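Asker: Residue numbers (the UniProt record's numbering), protein chains in the order written: chain A, 2 to 590; chain B, 2 to 590; chain C, 2 to 590.
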Amino acid sequence: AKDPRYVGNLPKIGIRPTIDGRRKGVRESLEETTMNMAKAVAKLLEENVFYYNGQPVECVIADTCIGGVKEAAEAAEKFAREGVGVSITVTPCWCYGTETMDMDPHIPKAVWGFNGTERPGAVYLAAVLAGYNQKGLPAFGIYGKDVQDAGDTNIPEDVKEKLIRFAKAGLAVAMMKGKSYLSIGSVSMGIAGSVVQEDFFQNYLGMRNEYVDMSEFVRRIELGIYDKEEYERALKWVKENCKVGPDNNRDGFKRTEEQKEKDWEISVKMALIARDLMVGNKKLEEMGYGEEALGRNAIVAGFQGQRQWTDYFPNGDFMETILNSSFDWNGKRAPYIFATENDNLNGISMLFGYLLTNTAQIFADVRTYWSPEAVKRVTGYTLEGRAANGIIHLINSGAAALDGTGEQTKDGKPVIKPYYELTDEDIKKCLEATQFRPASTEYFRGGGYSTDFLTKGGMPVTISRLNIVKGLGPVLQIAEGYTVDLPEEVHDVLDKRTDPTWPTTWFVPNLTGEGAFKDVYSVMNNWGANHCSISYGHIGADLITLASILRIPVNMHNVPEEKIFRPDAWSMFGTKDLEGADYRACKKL
Amino acid sequence: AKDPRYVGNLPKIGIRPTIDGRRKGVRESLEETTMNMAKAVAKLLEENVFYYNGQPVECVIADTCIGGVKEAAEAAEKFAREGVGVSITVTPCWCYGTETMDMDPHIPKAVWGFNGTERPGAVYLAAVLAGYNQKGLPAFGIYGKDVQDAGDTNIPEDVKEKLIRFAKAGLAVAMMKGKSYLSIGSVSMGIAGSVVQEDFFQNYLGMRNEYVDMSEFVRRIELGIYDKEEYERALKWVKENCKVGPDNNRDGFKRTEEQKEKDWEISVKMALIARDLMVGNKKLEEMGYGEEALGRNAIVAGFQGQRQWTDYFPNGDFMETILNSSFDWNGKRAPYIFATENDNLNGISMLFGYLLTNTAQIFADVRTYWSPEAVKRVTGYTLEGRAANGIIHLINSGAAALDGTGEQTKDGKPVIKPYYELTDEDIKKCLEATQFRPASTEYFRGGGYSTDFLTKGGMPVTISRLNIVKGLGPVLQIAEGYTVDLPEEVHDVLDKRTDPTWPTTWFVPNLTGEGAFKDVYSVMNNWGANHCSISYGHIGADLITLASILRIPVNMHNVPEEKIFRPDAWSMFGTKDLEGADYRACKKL
Amino acid sequence: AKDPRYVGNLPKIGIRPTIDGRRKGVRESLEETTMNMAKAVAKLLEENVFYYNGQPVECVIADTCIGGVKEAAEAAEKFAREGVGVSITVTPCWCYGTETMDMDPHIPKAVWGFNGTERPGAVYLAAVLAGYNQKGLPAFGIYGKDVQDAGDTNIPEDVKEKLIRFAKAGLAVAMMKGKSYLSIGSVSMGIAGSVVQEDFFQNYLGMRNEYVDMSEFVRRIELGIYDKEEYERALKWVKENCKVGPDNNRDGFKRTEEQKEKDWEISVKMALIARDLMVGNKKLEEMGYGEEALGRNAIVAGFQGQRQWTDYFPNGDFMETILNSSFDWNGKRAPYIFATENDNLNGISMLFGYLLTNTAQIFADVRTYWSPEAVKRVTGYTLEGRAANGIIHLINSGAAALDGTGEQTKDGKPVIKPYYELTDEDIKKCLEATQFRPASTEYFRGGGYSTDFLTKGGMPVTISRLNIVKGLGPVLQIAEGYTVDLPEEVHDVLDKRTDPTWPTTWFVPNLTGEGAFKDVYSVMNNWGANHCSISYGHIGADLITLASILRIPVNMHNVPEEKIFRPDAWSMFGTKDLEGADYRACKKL
Ligand SMILES: [Mn+2]
Ligand SMILES: [Mn+2]
Ligand SMILES: [Mn+2]
Ligand SMILES: [Mn+2]
Ligand SMILES: [Mn+2]
Ligand SMILES: [Mn+2]
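See below:
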């Protein structure tokens, strides 16, 4: 399938049915069973793994079973030709190890050996993984716990989980390759993550780095380099759906009605320009701006904002809010992963979660750790339930996807769904639960409008953050948990003394009684940056798998050990201490 | 403050109050609060951190709050000329990360982010630490667990503990820089720790290595190159306060009455000469020995002794005993860290503990592990209380600071206090509890006097040892525990069959049920050398912090995990296995 | 001396007179001779080495001769508080190697051993250098070729040359530490050198990285955030001294008379703003812009320009031209090293040459290599003299210091002199030889004025370029040579078909018959980027010494081997192949 926004086609998953090369007996009796195994995996993935636009992932099966090097070479040729970015080998029998291996070092690979008794399927699995390990080609091994009868096309649950987790992580990794990260502006207020380390994007993600100074926005706004028809429709939509809340700026800091109107006009134009910069806009060609029409083929971008742009122009709050949302004046659509303060590392953190779930990701500051003692002292209230051990205030400096309201609903529960699953009611509720507030001029002299909402409680979420550490390189931290509801009177008190015009999410991480998850305080004290990315759901296991494919160690996470799924080679670096083994494996391989 | 013994001034602590650079509102409203925070830290440290001479540590505060690079540069400049060797950043608000960082890579640094809600102080803390981690500049993060109201000048208890631990460790590290380790003699009886590895002193401690052959003592003794007035006073003081115990040499091994007198004369001269070599003596200049009067600017030294010197001259027991003590014929004074058998690694082990406590350190041989079964077999006595699971006999080959008697008292409890806190009673009792015994001529053919005392039980102590391992470099081990008392009848039996003329300390390490602390035997079996250093108190946490600053991994320790305080970067190398992360951070950083 | 532009004081040079520690004879007979040597060096350096403002470098001499560690420590202490950034040891006798060494690893160091026979001065030189090499502390060795008699206070010519070269290189290195590189804008048109690699600035130069988006210029222009009194004076000065040349834009590409006036207004404001960002401006504080008044303490900066800014606003040609010049509306002054297209690597290339000469540096594109055959084919003219083997066209994209005209004169020869040596005639002629041309709107849509001049021939120059290569890091290339004159008829032809509105310098590199200097073509083909920095004079030897101090290998240079002056340790890595040894020493040390 053609990628609707980026150059080229969406990555495909290649299935390699390997078989015993011996004919006049063995192979003939296994041809149908082996190919059927491949077809079963394709059906499973097509019904459980989807591209960001909602289309089912597409699989490519080798033209023949692979019993030797000649057939392996033909599969490699076919896969390269059809744009395969992930590979899965399947077999119910013994096959000739290295003669049948996928030697492409540039694609995530897994092997599923049928747990059957008649043929050495598990023997091939272990044998070929030993080859992958010996050759330095990481590969995931999948082996079911319960013996299945020959030809059983029904894939067991434990196998299903591994196949899907691998496919999703592999697809996410394949999706980033060849795409750009667009830096709009430069470093923002000395934030480490706003410094672009090209080596990381190039070598770890296979991405390109594009740059554009914010002065570009001045030129396009002044010269009208954007779709004026869309602009008028957008401005109208904002007036009809974006509710303006109370101005918290006190006299001397309040902007005029005229200024506030212009703040909206420019904020909308900024959204259009940012999007045009990321994916281009064919409308610009008929307008005489052919170069601008191309776009930077960016699957993720960031906007510096402070301090240079915001000291004079409206801030990027609305732009950052709307782009990351799953809908706007043009209807429901896939989010545009856009980072506040040009924090590219948080941008990538958001991108990981997005490519694994197809859901909008929430940019946020890890603002405050509220202990039970502190809440009691300030509000007279005793935290209860999940919040009984303390809570963490997640609140970005003014921008957040409207999806963050938690108003989207499934089975009567708060969630964030892929845009293609949104109902008209989901969207209306997200908007109705949001208030746009005039920007605090003491911080943002140029004005603008911040996003004000309160995430509904009881929603499972995962916060994550990618950091780059000297002497180590990229490193990922994860914290699964839930959002929580505080009594209205309690929230109001904690909210007013912090930043009531910004978006609030009350988070409680799952505790393990070990590592950095002994208590809620430890989770925040161990976070490695001020920012984090929030995704709906518990995707820590998916993130761990994705990280291992990228060779990025996970310094901190609260995912149950039984759910850790990494390439077979990782076990060779240690089975008692998976953390240490992860570091050793990431460096050596 | 001028260093009373070494070249230059004592290290100062610089306080960096950072602030939001935005004026016309934000900054003006935070100037006082931020600067007051800096003043509060200076106050706390001056009341809790002291130089080795008892003088409170001195702090230097930046001339202005730091909201950008210009002010950061001014702070760096002031600190450099003020002689700052440790830096602490403080702030209750958001500041511009890299623009406000302390870029000096050669000084320990910490950052305290006020846990307030009005401004993003914890956000700056995390943001700038990400900067330090990304740039490879280790820095400690201090974040209080309970939200404080804007303007609160009080420093929470958890914050105080971290600030003080960091300050003490940082000061200890700064103290060693530029100082010398003086090697008197060469390797002693093939002891690995008596081999000097200059790379360690130079690269890890920033120290210089000085050398003097023991023949120097012969020259100074023969030519009277020492303060003769002090010598005569010292001799009288020794005869009056140092009581001679029974001679344990058998018939054909006792020295004549005339020899025993000369043994005392020489032992006292050795002490004078050793001290004169370490810190110089203006008296020598007046005598016509100007070069000798300068000294070697050594904050630590060692004396080979066996086998060459002791095969003919009185041993260094008295010299090693008195120099390490907190008093002598000239009254109470700071100890002179001096290593027996020129074991420079034990000397540094002692130096670490000394610089962190200002208390005399005990040099000791890890002589014997006595299991409950062994004690029972030999004495018929069943170990009780803390000693119930076994005890370890700590006893040096004849030398030990008199402070080791444990006669010094505080609140009715046995301790070792800084010399500036000693009472005449403390000193008097230390001397009364000690007997000086004629040296065993079969080992020390030249005679001498060993130190015989029994450390009082119930005193909290910490033993430690620094080792250098090929393929790793320096590595530190720590064991917190207590001294214990045994029935006199039991002590006599164990003592008599070991070395009754030497100093005894019965030690029991705290057990953890894991690692090398599953039982008392394991603590001994895992000790990496035959020597250790004993310090009063439980300073394992302090040693751990100091070790991390020096990038020296800790291979073994029994400090509660909640008390481990290392640079923020360490967590980036692992949160589940802190030991493995320690090795990774020390190596890569 | 206080640095007139940056925080703190200018770096000082410390002189360490070492001596034999033996008294009662040896030392007393050498006290005066040794201290006089130190005074002779201080005298020589003060008369030959100057700070960028023309002030003679200041030296600090140890308070006593250094015969042991105590005195060495005192010297280290005095130097640290005196602000010494370079050290030179001097002695006419034997001294105790490691006991007298300068152990500061963060400052360039040299040792001058008097070539006298009475005492082993050259023996100390070699002995202590062995110490520096063994300890990994690079140090330069200076040994005169002709024996001098005891007491000779004269410094031989060969010794003088080494002392001065070392002092100049050491001072340049010390100057950069603590200073900032200010990035105005981001990457320009995908130029690799415009990507900022903080690790290089931090670890190799000890510099800080500051960032400001170009939208800042929009704010300051619109809000009048600059000295308006100076602005008006500057405008008049420009109209009076900067003559406008013919407009080369064709019909539908010329800007209106009104636009051309505003182009000048903006170009002048840009220059003020850029300077204000680099070093601050107290005037801004009085105006109510206190944060802006501080500046970024930047000793070097760059302006992205294309494509974002120039696609709408007047280009930075005038700003880049005037800032790099040694004069402007405020009279003669030190240049402000400013990089076109935010090429920070060329900015540093310029900074190196500037700090070594105090002379304006020329930014240039290595535009064209003109072979004798090509010139002949296009003009019918046969290249003669130095240009006989081909010439290289050096011409930046519109900006170049007016010093580049070569109109400044000394002894009837064209040169570029420090601003403090300029005569009104020099300045006047530089301006007369320059024409400011309306910018080419097809490239610079916002207008602006380019600098058009022709560098006078016969001037010795050195071009250099710093590049960062993956798997190697920073690497420097140098090419000494001369500017040449071509018949006006010939120049016109080559100039017209290239870019006649830009500044031209015709360069001819010195050939060696080997390496990348076998012919003129090879010099160009081997250049590692499209840009280079031109400095007046042959400073390759000085750059080589500076590079070795910074541990930056020199991959290409045409400096005579007899003039290569690097730390003594370099020879330990090879004496036959100095290039290979350079790479080995830079990597291992
Ligand atoms: Mn933020
Ligand atoms: Mn709200
Ligand atoms: Mn011993
Ligand atoms: Mn006893
Ligand atoms: Mn150029
Ligand atoms: Mn011209």
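For every residue, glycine included, the Cβ atom is placed at its ideal position computed from N, Cα and C.
1. Quick one: is A/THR442 buried, meaning 16 or more other Cβ sit within 10 Å of its Cβ, or exposed?
2. Thinking C-alpha only, which one of C/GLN478, C/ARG466, C/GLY459 and C/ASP496 is nearest C/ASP486?
3. Quick check for students: name the residue ranges of the alpha helix (DSSP H) that lie wholly in the stretch 488–568 of chain A, counting only runs of 4 or more.
4. For chain B, check one thing: does any of its Cβ atoms lie closer than 9 Å to the Cβ of C/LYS163?
5. What number of angstroms, rounded off, separates the C-alpha of C/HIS558 from the C-alpha of C/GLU385?
6. Any residue with its C-beta under 7 Å from a non-hydrogen atom of ligand 1 counts. Can you list them all in chain order?
7. What residues are listed by DSSP as bridge partners for C/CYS60?
8. Below 8 Å, is the gap between the Cβ of C/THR19 and the nearest heavy atom of ligand 6?
9. Check whether the Cβ of A/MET525 lies closer than 9 Å to any Cβ atom in chain B.
10. To test your reading of the DSSP string, which unbroken alpha helix (DSSP H) runs of 4 or more residues are found completely within the stretch 405–485 of chain C?
11. Using the Cα positions of B/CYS94 and B/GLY114, report the straight-line distance between them to the nearest angstrom.
12. Kindly examine ligand 6 and report whether one of its heavy atoms sits closer than 8 Å to the Cβ of C/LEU278.
13. Examine chain A for any beta-carbon lying closer than 9 Å to the beta-carbon of C/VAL462, and answer yes or no.
14. Could you compute how far the alpha carbon of A/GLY253 sits from the alpha carbon of A/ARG446?
15. CB of A/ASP496 to nearest heavy atom of ligand 2: below 8 Å?
16. Entirely within the stretch 278–318 of chain B and at least 4 residues each: give me those alpha helix (DSSP H) ranges in chain order.
17. Would a check of beta-carbon distances place C/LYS588 closer than 9 Å to chain A?
18. Which residues have a Cβ closer than 6 Å to any heavy atom of ligand 6, listed in chain order?
19. Specify the secondary structure class of A/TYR7 as computed by DSSP and reduced to three states.
20. Within 9 Å of any Cβ in chain B, is that where the Cβ of residue 634 of chain C sits?
21. What is the residue span of the alpha helix (DSSP H) that residue 593 of chain C lies within?
22. Is B/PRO488 close to ligand 4? I mean its beta-carbon at under 8 Å from any heavy atom of the ligand.
23. Compare the Cα-Cα distances from A/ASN347 to each of A/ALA235, A/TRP507, A/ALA530 and A/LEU495 and report the closest residue.
24. Contact between the stretch 416–432 of chain C and the stretch 311–329 of chain C: three or more CB pairs below 8 Å?
25. Using DSSP bridges, identify the partner residues of C/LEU46.
26. Can you check whether the C-beta of residue 1 of chain C is within less than 9 Å of a C-beta belonging to chain B?
27. Tell me, to the nearest whole angstrom, how far the beta carbon of B/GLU481 is from that of B/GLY541; I am working on the premise that it is less than 8 Å.
28. Candidates C/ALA294, C/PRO18 and C/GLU241: which alpha carbon is nearest C/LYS284's?
29. By Cβ distance, which residues of its chain are closer than 8 Å to C/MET525, with the 5 residues on each side in sequence left out?
30. Return yes when the Cβ of C/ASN298 is within less than 9 Å of the Cβ of C/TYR7, no when it is not.
31. Determine the burial state of B/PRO5: buried for a count of at least 16 other Cβ atoms within 10 Å of its Cβ, exposed for fewer.
32. DSSP three-state call for A/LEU384: helix, strand or coil?
33. By DSSP's criteria, B/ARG209 is part of a beta bridge. Which residues make up the other side?
34. Which of helix, strand or coil does DSSP assign to B/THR90?
35. Is there a Cβ from chain C that is less than 9 Å from the Cβ of A/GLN309?
Answerer: Looking at the atomic coordinates:
1. The residue you call residue 442 of chain A lines up with position 441 of the first sequence. Counting Cβ neighbours within 10 Å, A/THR442 comes out buried, since at least 16 surround it.
2. For this step, residue 486 of chain C is matched to residue 485 along the third sequence. Of the candidates C/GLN478, C/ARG466, C/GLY459 and C/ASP496, C/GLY459 places its Cα closest to the Cα of C/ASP486.
3. Whole alpha helix (DSSP H) segments, 4+ residues: 489–497, 521–526 and 541–551.
4. Stepping through the third sequence from its first residue, residue 163 of chain C is reached at position 162. Taking Cβ atoms only, chain B never reaches closer than 9 Å to C/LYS163, which makes this a no.
5. Counting from one through the third sequence, the residue named residue 558 of chain C turns up at place 557. Counting from one through the third sequence, the residue named residue 385 of chain C turns up at place 384. C/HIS558 and C/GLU385: Cα-Cα distance of roughly 25 Å.
6. The set of residues with CB atoms less than 7 Å from any heavy atom of ligand 1 reads, in chain order, A/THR341, A/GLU342, A/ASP366, A/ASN397, A/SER398, A/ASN531, A/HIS532 and B/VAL124.
7. To locate residue 60 of chain C, count along the third sequence from 1; it is residue 59. As computed with DSSP, C/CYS60 is found in a beta bridge with C/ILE14.
8. Here residue 19 of chain C corresponds to residue number 18 of the third sequence, with the count starting at 1. Result no, Cβ not under 8 Å from ligand 6.
9. Position 524 of the first sequence holds residue 525 of chain A. Closer than 9 Å: yes.
10. Segments of the alpha helix (DSSP H) lying fully in the stretch 405–485 of chain C: 425–433.
11. Numbered from its first residue, the second sequence carries residue 94 of chain B at position 93. Numbered from its first residue, the second sequence carries residue 114 of chain B at position 113. Whole-angstrom Cα-Cα distance: 8 Å.
12. One-based indexing of the third sequence puts residue 278 of chain C at position 277. Judged by the Cβ position, C/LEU278 fails to qualify as a neighbour of ligand 6 at the 8 Å threshold, every heavy atom of the ligand being at least this far.
13. In the third sequence, the residue the question calls residue 462 of chain C occupies position 461. With 9 Å as the cut-off, C/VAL462 does not count as an interface residue toward chain A.
14. For this step, residue 253 of chain A is matched to residue 252 along the first sequence. For this step, residue 446 of chain A is matched to residue 445 along the first sequence. Going by the C-alpha atoms only, they are around 11 Å apart.
15. Numbered from its first residue, the first sequence carries residue 496 of chain A at position 495. At least one heavy atom of ligand 2 is nearer than 8 Å to the Cβ of A/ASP496, so yes.
16. DSSP assignment within the stretch 278–318 of chain B yields the following whole alpha helix (DSSP H) runs of 4 residues or more, N-terminal first: 283–287 and 291–295.
17. As a position in the third sequence, residue 588 of chain C is number 587, starting the count at 1. Judged by the 9 Å Cβ criterion, C/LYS588 is not in contact with chain A.
18. My final list is C/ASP453 and C/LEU455.
19. Walking along the first sequence from the start, residue 7 of chain A turns up at place 6. In this structure, A/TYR7 counts as coil in the three-state DSSP scheme.
20. Look at the range of chain C in this structure, 2 to 590, and you will see that residue 634 of chain C is not part of it.
21. Because chain C in this structure spans residues 2 to 590, residue 593 of chain C falls outside the shown range and cannot be described.
22. Stepping through the second sequence from its first residue, residue 488 of chain B is reached at position 487. Not under cutoff, so the answer is no.
23. Locating residue 347 of chain A in the first sequence gives position 346, counting from the first residue. Minimum Cα distance to A/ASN347 is reached at A/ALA530.
24. With a cut-off of 8 Å, the stretch 311–329 of chain C and the stretch 416–432 of chain C count as touching, because enough Cβ pairs lie within range.
25. Taking the third sequence and counting its residues from 1, the one referred to as residue 46 of chain C is at position 45. In the DSSP output, where bridge partners are listed per residue, C/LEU46 has none listed.
26. Given that chain C is displayed from residue 2 to residue 590, the structure contains no residue 1 of chain C and the question cannot be resolved.
27. If you number the second sequence from 1, residue 481 of chain B lands on position 480. If you number the second sequence from 1, residue 541 of chain B lands on position 540. Rounded, the Cβ-Cβ distance is 5 Å, consistent with contact.
28. The count along the third sequence starts at 1 and reaches residue 284 of chain C at position 283. Answer by Cα proximity: C/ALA294.
29. As a first step, residue 525 of chain C is located in the third sequence; it is residue number 524 there, counting from the start. The beta carbon of C/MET525 lies closer than 8 Å to those of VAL367, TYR370 and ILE393 in the same chain, with the five residues before and after it left out.
30. Within the third sequence, numbered from 1, the residue matching residue 7 of chain C stands at position 6. Within the third sequence, numbered from 1, the residue matching residue 298 of chain C stands at position 297. A contact, by the Cβ cut-off of 9 Å.
31. The residue given as residue 5 of chain B occupies position 4 in the second sequence. Result: exposed.
32. Locating residue 384 of chain A in the first sequence gives position 383, where the first residue counts as 1. Looking at A/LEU384 - three-state DSSP - the assignment turns out to be coil, as it is neither helix nor strand.
33. Counting from 1 along the second sequence, the entry for residue 209 of chain B is found at position 208. Answer is B/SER181, bridged to B/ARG209.
34. For the purposes of this step, residue 90 of chain B is taken as residue 89 along the second sequence, with counting starting at 1. DSSP places B/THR90 in strand when its eight states are reduced to three.
35. For this step, residue 309 of chain A is matched to residue 308 along the first sequence. Yes, because at least one Cβ of chain C sits closer than 9 Å to the Cβ of A/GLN309.
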